[PDB]
K.L.:
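Take this structure first; my questions come after.
A note on names: the letters A, B, ... follow the listed sequences, proteins ahead of strands, and every chain is numbered from 1.
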Amino acid sequence: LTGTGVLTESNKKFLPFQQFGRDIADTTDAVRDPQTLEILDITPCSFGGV
Amino acid sequence: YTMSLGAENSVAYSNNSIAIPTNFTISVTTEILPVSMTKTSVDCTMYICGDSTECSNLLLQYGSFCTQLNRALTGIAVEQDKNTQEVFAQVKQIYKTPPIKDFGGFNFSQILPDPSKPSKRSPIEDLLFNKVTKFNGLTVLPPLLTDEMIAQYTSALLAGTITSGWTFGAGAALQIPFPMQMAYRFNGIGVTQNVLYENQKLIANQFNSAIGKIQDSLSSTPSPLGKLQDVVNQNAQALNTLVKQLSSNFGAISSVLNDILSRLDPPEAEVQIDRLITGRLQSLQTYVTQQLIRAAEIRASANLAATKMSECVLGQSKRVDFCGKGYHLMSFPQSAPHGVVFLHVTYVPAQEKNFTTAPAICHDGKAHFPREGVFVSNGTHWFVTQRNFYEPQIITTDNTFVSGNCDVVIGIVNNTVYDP
Amino acid sequence: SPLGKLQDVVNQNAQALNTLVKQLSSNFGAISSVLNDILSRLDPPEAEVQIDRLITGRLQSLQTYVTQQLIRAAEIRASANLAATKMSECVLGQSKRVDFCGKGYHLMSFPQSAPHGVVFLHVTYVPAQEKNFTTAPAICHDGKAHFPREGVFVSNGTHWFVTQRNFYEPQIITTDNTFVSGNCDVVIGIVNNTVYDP
Amino acid sequence: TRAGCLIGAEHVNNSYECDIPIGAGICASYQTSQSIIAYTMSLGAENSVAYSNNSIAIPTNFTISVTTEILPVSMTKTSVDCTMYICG
Amino acid sequence: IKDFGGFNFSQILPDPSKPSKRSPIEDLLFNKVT
């Protein structure tokens, strides 16, 4: 699963079948690392109008 | 049930009978008007093609759709600030109320700005503000004028109205005592100034109680601010629908562009990307068109609000129901989130007594008609009183002009006209 | 710059037409914008599919133009309705509405023809030089309160006069100038002064 | 600023009438050495009317004022034949 | 009693005899629209 975003520690727990978490727009809000069973929040990189 | 249209009343109509009010009620009513909406900027490229060069290159083939969509949203955003300036920035000078709040018993503390609170916002405005309640290229632009700045405009308009009445709107602000200004409002709606001076304490108490009822009602319930919350809900729902549309596949293998790129070669991916682009572009076009229609409705509301500021706050209006129900006296503006709340002060006739009325009075073979007012009979005597308030006076040559003769008028009554 | 609103309307219409014409250079996912190139270089079924992509894009562009023109038309119609209302209420008559026909008290308005618009020359009366005066709501003369039929009581500090509100024209307080209501006790701020009888 | 990060403008404590609108009560102007300055917008000159229980101001003169209101009435009437536009 | 000093409002006032409590002018207006 490919995305560009900042990775941070995630408070929310994931059930074992629920490897990935999806938001309303179908973007992947949180992921669980394969090797280490920890949940990582994905926050999109900062963007704004100029 | 069949809906009732209201209580049935039969007026006691009669050629000889008039009803004259012997009392009045000072009424303050609230009119809530939407002024502006949240300024939303959507970047089409980010929404349709987030961080994908291939999708962006395909989007270029469509051409100018992004430029016109961004231009339309930017025009709406500029329009919202223009709407706010038109409603609240009418007066260049920032008027301030005198430090001693002596206005002949009239108390404006609830509408006037409260110093103790950190915001220089009125108590009623603080209630109003309490009562109103992403990463896809969607941004919210802050309004040019802050809420504090809007409160300063409403404060300046309120200070101008109390100190100068209607003069500051027309030109240079001319100080007038509020009692004299209130009498001018009475002489506008046809009631004599003397009646106001006789009942000035009663008018002050009724006005203060009416403001108290407005603030108590605002504290009790939040239904009044529902139109201002309706605008917010409509914009929020439209934005939510736009974000939800991203999850739609639109006939593609997946709604996620990254998945399509990852699992498919670029020409094969391009086939599916085109379906996704068509769906997202249609969703954006629908949202922008709805925003433009909503913007036109909000602009019409703002134009009406600016007109009401000019014709109710800045001046006394003779237009029926434009500035509250009843005979308009004055209006006070209160800032509200993305809107203006108008407190309309009106004179309402309260207690009515039936009398006997004659169009003219025949005295010396010549018909007499009132210069102002109407002829009323208590059943034993004939008097002339002003139409709005019952103030019977001895019929006199000064009171009544003379026209023609007794024969022509229908319903003329023989009575004596005193000569001073 | 004053005619900028009329020039904004002309500029918006010109820009919309230019954008519509420019959209004919957009492939819309087809091999080429030119229909003839597609027909010449492709077999008729393949050409029809590319032409369908071009037609879909061109139709969407035209519909966008028409919808924008309808929204612009509604805004222009509201402006024209306002202009018609001003023609009736400012040129055709004197208006008591505040700020509808100029700033200040409206006297008369003159219409001037403009390209795709109208220019209203509003003539207003603006008060200029104000003098502070002492004032009282009523004047007590013979134990009866006197109020001014028109005007307001003004004091120069030594004498009391009645003047019309908008323009300063001090006049001797008289029975013709002032009507009488009740007695002196009821009114608050009433000042003792003489009401002359002709 | 609430609008966002601003680069190339020097903040000035003094408040002036809005020239270019940044947003959130902040405006930018080119002022006299010349530099762009970011400032809180002034709402106008503060005026305290001399209100009293017994004081009135009456104008002793007048100015006849003529002001201009420009209103759009019509737009150019354009007909597009769709068949010609879509198909050459 | 419809006595208004010679002013007659019968055309604009509702007509009882007809089943709809509608004025004669309003009945013409309803007929005109198609």
K.L.:
Taking all heavy atoms of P222(B) and all of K131(B), pick out the closest pair and write down the distance.
P.N.:
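Answer, listing the atom of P222(B) first, then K131(B): CA-CE, 3.6 Å.
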K.L.:
Evaluate the criterion side-chain hydrogen bond (donor to acceptor under 3.5 Å, both in side chains) for residue pair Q61(B) and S26(C); output intermediate values, then yes/no.
P.N.:
CA-CA 6 Å; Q61(B) 311 158 339; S26(C) 314; over 6 Å; no
K.L.:
Throw together a table of side-chain donor-acceptor distances under 3.5 angstrom for residues 34-50 of chain A, partners on residues two or more places apart or in other chains.
P.N.:
residue: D41(A); atom: OD1; partner: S10(A); partner atom: OG; Å: 3.1
residue: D41(A); atom: OD2; partner: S10(A); partner atom: OG; Å: 3.4

K.L.:
Does any N or O in the side chain of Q19(A) come within less than 3.5 Å of the main-chain N or O of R32(A), such that one atom is a donor and the other an acceptor?
P.N.:
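The answer is yes, because a donor-acceptor pair under 3.5 Å joins these two groups.
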K.L.:
What do the steps show when you test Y153(B) against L145(B) for side-chain contact (heavy atoms from CB on, under 4.5 Å), and what is the final call?
P.N.:
CA-CA 10 Å; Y153(B) 278 153; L145(B) 281 191; 3.7 Å; yes
K.L.:
Would you find a donor on one side and an acceptor on the other, under 3.5 Å apart, between the side chain of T84(B) and the backbone of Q80(B)?
P.N.:
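Indeed, once roles are kept as given, a pair shorter than 3.5 Å links the two residues.
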K.L.:
Between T154(B) and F88(B), is any pair of side-chain heavy atoms under 4.5 Å apart?
P.N.:
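Of all side-chain heavy-atom pairs linking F88(B) with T154(B), at least one is under 4.5 Å.
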K.L.:
Restricting to non-hydrogen atoms, name the atom on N136(B) and the atom on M46(B) that form the minimum distance, rounded to 0.1 Å.
P.N.:
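Looking at all heavy atoms of both residues, the closest pair is C-CG, 3.7 Å.
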K.L.:
With side-chain contact (heavy atoms from CB on, under 4.5 Å) as the criterion, how do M149(B) and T40(D) come out once you've worked through the C-alpha distance, each side chain's angles and the decisive distance to 0.1 Å?
P.N.:
CA-CA 11 Å; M149(B) 279 168 176; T40(D) 300; 3.8 Å; yes
K.L.:
Please tell me if the side chains of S29(D) and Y39(D) come closer than 4.5 Å, counting only heavy atoms from C-beta onward.
P.N.:
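Side-chain contact under 4.5 Å: yes.
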K.L.:
Calculate, to the nearest 0.5 Å, the distance between atoms CZ and CG belonging to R121(B) and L128(B) respectively.
P.N.:
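The distance works out to 9.5 Å.
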K.L.:
Around atom NZ of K13(A), are there more than 12 heavy atoms of other residues, nucleotides or ligands at under 6.0 Å?
P.N.:
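Yes.
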K.L.:
Output the distance between atom CG (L33(B)) and atom CE (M309(B)), rounded to the nearest 0.5 Å.
P.N.:
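These two atoms lie 9.5 Å from each other.
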K.L.:
Using every non-hydrogen atom in the two residues, find where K39(B) and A77(B) come nearest and quote the distance to one decimal.
P.N.:
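Heavy-atom minimum between the residues: CD-O, 3.2 Å.
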K.L.:
Find out whether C27(D) and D19(D) are in side-chain contact, i.e. whether some heavy atom of one side chain is under 4.5 Å from a heavy atom of the other.
P.N.:
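The answer is no, as the side chains (C-beta and beyond) never meet within the 4.5 Å cut-off.
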K.L.:
Is there a donor-acceptor pair under 3.5 Å between the side chain of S41(B) and the backbone N or O of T139(B)?
P.N.:
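No, because the side chain of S41(B) does not come within donor-acceptor range (under 3.5 Å) of the backbone of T139(B).
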K.L.:
Determine the minimum heavy-atom distance between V341(B) and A336(B), stating which atoms define it.
P.N.:
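That would be CG2-CB, 3.8 Å.
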K.L.:
Can you see which heavy atom on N235(B) is nearest to which on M37(B), and at what distance?
P.N.:
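Minimum heavy-atom contact is ND2-CB, 3.3 Å.
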K.L.:
Over 60° means perpendicular and under 30° means parallel, so tell me whether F65(B) and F28(C) are parallel, tilted or perpendicular.
P.N.:
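Aromatic pair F65(B)/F28(C) classed tilted.
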K.L.:
Go through it in stages, so that I can follow the logic: the residues are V340(B) and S335(B), the test is side-chain contact (heavy atoms from CB on, under 4.5 Å), and I'd like the CA-CA distance, side-chain angles, deciding distance and then a yes or no.
P.N.:
CA-CA 5 Å; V340(B) 59; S335(B) 77; over 6 Å; no
K.L.:
Test your reading of the model: is there a side-chain donor-acceptor pair from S254(B) to the backbone of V256(B), 3.5 Å cut-off?
P.N.:
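Yes: the side chain of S254(B) pairs with the backbone of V256(B).
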K.L.:
Do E17(D) and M41(D) make a side-chain contact, defined as non-hydrogen atoms from C-beta onward lying under 4.5 Å apart?
P.N.:
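The answer is no, as the side chains (C-beta and beyond) never meet within the 4.5 Å cut-off.
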K.L.:
Are the side chains of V35(B) and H338(B) in contact, using a 4.5 Å heavy-atom criterion?
P.N.:
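Not in contact.
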K.L.:
Looking at side-chain heavy atoms only, is the closest gap between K308(B) and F322(B) below 4.5 Å?
P.N.:
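They are in side-chain contact.
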K.L.:
Side chains of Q90(B) and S310(B): is there a donor and an acceptor less than 3.5 Å apart?
P.N.:
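Yes.
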K.L.:
Report yes or no: does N303(B) contribute a side-chain atom to a donor-acceptor pair with the main-chain N or O of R299(B) at less than 3.5 Å?
P.N.:
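Yes, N303(B) side chain to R299(B) backbone: donor-acceptor pair under 3.5 Å.
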K.L.:
Keeping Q229(B) on the side-chain end and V132(B) on the backbone end, is there a donor-acceptor pair under 3.5 Å?
P.N.:
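No, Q229(B) side chain to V132(B) backbone: no donor-acceptor pair under 3.5 Å.
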K.L.:
Whether the side chain of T28(A) engages the backbone of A30(A) through a donor-acceptor N/O pair (distance < 3.5 Å, no angle test) should be reported.
P.N.:
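The answer is no, because no donor-acceptor pair under 3.5 Å joins these two groups.
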K.L.:
Start with the C-alpha gap between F342(B) and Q334(B), add the side-chain angles, then the distance that decides, and say whether side-chain contact (heavy atoms from CB on, under 4.5 Å) holds.
P.N.:
CA-CA 6 Å; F342(B) 283 110; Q334(B) 300 275 270; over 6 Å; no
K.L.:
Calculate, to the nearest 0.5 Å, the distance between atoms OG and CD belonging to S36(B) and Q85(B) respectively.
P.N.:
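Going from the OG atom of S36(B) to the CD atom of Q85(B) covers 11.0 Å.
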K.L.:
Could you give the distance from CG (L20(C)) to CD (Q69(C)), rounded to the nearest 0.5 Å?
P.N.:
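Result: 9.5 Å between the selected atoms.
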K.L.:
Inspect the contact between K12(A) and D29(A) and indicate whether a charged nitrogen and a carboxylate oxygen are less than 4.0 angstrom apart.
P.N.:
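Counted as a salt bridge, because a side-chain N and a carboxylate O are separated by less than 4.0 Å.
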K.L.:
Answer whether the closest heavy-atom distance between the side chains of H11(D) and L6(D) falls below 4.5 Å.
P.N.:
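They are not in contact (no side-chain heavy atoms under 4.5 Å apart), so the answer is no.
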K.L.:
Are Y287(B) and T40(B) close enough, and set up right, to give a side-chain hydrogen bond (donor to acceptor under 3.5 Å, both in side chains), and what steps lead you there?
P.N.:
CA-CA 11 Å; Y287(B) 170 80; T40(B) 50; 3.2 Å; yes
K.L.:
Scan the side chains in residues 43-62 of chain C for donor-acceptor partners under 3.5 Å anywhere in the protein, sequence neighbours excluded, and list what turns up.
P.N.:
residue: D43(C); atom: OD2; partner: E46(C); partner atom: N; Å: 3.3
residue: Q50(C); atom: OE1; partner: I31(C); partner atom: N; Å: 3.4
residue: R53(C); atom: NH1; partner: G29(C); partner atom: O; Å: 3.2
residue: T56(C); atom: OG1; partner: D52(C); partner atom: O; Å: 3.1
residue: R58(C); atom: NH2; partner: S33(C); partner atom: O; Å: 3.0
residue: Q60(C); atom: NE2; partner: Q285(B); partner atom: OE1; Å: 2.9
residue: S61(C); atom: OG; partner: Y85(D); partner atom: OH; Å: 3.1

K.L.:
How long is the span from the OG atom in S301(B) to the CD1 atom in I32(B), to the nearest 0.5 Å?
P.N.:
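Interatomic distance, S301(B) OG to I32(B) CD1, rounded to 0.5 Å: 11.0 Å.
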K.L.:
Tell me if a side-chain donor or acceptor on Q237(B) pairs with a main-chain N or O of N233(B) at a distance below 3.5 Å.
P.N.:
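No; zero donor-acceptor contacts below 3.5 Å.
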K.L.:
So do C66(B) and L59(B) actually touch side chain to side chain, heavy atoms under 4.5 Å?
P.N.:
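A side-chain contact under 4.5 Å exists here.
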K.L.:
State whether a side-chain donor-acceptor pair under 3.5 Å links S64(B) with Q23(C).
P.N.:
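A pair is found: one side chain offers a donor N or O, the other an acceptor, under 3.5 Å apart.
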K.L.:
Locate the shortest heavy-atom distance separating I24(A) from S247(B); write the atom from each residue and the value.
P.N.:
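It is O-CB, 3.6 Å.
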K.L.:
With no hydrogens and no angle check, do the side chains of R71(B) and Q68(B) hold a donor and an acceptor under 3.5 Å apart?
P.N.:
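No.
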K.L.:
Apply side-chain hydrogen bond (donor to acceptor under 3.5 Å, both in side chains) to the pair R2(D) and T146(B), showing each step before the final yes or no.
P.N.:
CA-CA 11 Å; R2(D) 200 169 84 218; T146(B) 73; 6.0 Å; no
K.L.:
Determine whether more than 12 heavy atoms belonging to other residues, nucleotides or ligands lie under 6.0 Å from atom NZ of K134(B).
P.N.:
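Open.
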K.L.:
I'd like to know whether CZ of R22(A) has more than 12 heavy-atom contacts from other residues, nucleotides or ligands below 6.0 angstrom.
P.N.:
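Check fails, neighbour count at 12 or below.
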K.L.:
Could you tell me whether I36(D) atom CD1 has more than 12 heavy atoms of other residues or ligands within 6.0 Å of it?
P.N.:
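Counting other residues, nucleotides and ligands, CD1 of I36(D) stays at 12 neighbours or fewer.
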K.L.:
Spell out, as yes or no, whether a donor-acceptor pair under 3.5 Å connects the side chain of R41(C) to the backbone of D37(C).
P.N.:
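Yes; judged by distance alone, with no hydrogens or angles, the pair exists.
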